[PDB]
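Just so it is clear, none of the values below were taken in a lab; they were calculated from the coordinates. Heads up, the Cβs are rebuilt from the backbone with ideal geometry, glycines too, and the neighbour counts pull from every protein chain shown.
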Amino acid sequence: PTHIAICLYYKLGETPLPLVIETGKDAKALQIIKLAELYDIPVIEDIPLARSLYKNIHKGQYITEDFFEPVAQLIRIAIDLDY
Amino acid sequence: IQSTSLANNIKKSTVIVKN
């Protein structure tokens, strides 16, 4: 973790809460960001949020309460970004 | 292979957060 990337997924009635589906540090983080550009997936920079998610919510885990509001804000941004 | 499997996973993502 010079570089961190956290991939969040939310789909109604499927994921009960936002789900971390993938994470990466360093080269893998860089690759995730490059793949995001290729697939036009919204990417948002937030240093303390990225660190906290990386430390606390592992791949395949749902976010916990302390993350509800910041992640909810990210998802509201994302779903209309660059339309 | 990682890259093609990472892509196949990643591509459904709603949002990616980075530092």
Residues within segment A:20-44 that are in contact (Cβ under 8 Å) with a residue 40 or more places away in the chain and touching a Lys or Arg at 6+ places or on another chain (Cβ under 9 Å), tallied: 1
Test A:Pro1 against the criterion of being in contact with a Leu (Cβ under 6 Å, 6 or more places away or on another chain) and at the interface with another protein chain (Cβ under 9 Å from one of its Cβ atoms), and give yes or no. no
Residue list for chain B, restricted to those being more than 8 Å from the chain's Cα centre (by Cα), over 20 Å from A:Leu74 (Cα atoms) and of a type outside the set (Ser, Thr, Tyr): B:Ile1, B:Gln2
Report every pair of residues separated by at least 6 positions or lying on different chains whose Cβ atoms are under 6 Å apart, first residue within chain B and more than 10 Å from A:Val43 (Cα to Cα) and facing another protein chain (nearest Cβ under 7 Å), second among the acidic types (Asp, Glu) and surrounded by 16 or more Cβ atoms within 10 Å (Cβ to Cβ). B:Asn9/A:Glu22; B:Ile10/A:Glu22
Looking at (1) more than 29 Å from B:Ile1 (Cβ to Cβ); (2) touching a helix residue (DSSP H, G or I) at 6+ places or on another chain (Cβ under 7 Å); (3) of a type outside the set (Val, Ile, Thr); (4) in contact (Cβ under 8 Å) with a residue 60 or more places away in the chain, which one does A:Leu8 not meet, given that it meets all the others? (1)
When you look at A:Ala78, is it assigned to a helix (DSSP H, G or I) and within 7 Å of chain B (Cβ to nearest Cβ), yes or no? yes
Could you name every one of the strands (runs of 3 or more DSSP E) located completely within segment A:1-60 that has at least 1 residues being surrounded by fewer than 16 Cβ atoms within 10 Å (Cβ to Cβ) and under 11 Å from the mean Cα position of the chain (by Cα)? A:43-45
Going by what's in this entry, would A:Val43 be described as touching a helix residue (DSSP H, G or I) at 6+ places or on another chain (Cβ under 8 Å) and at the interface with another protein chain (Cβ under 7 Å from one of its Cβ atoms)? yes
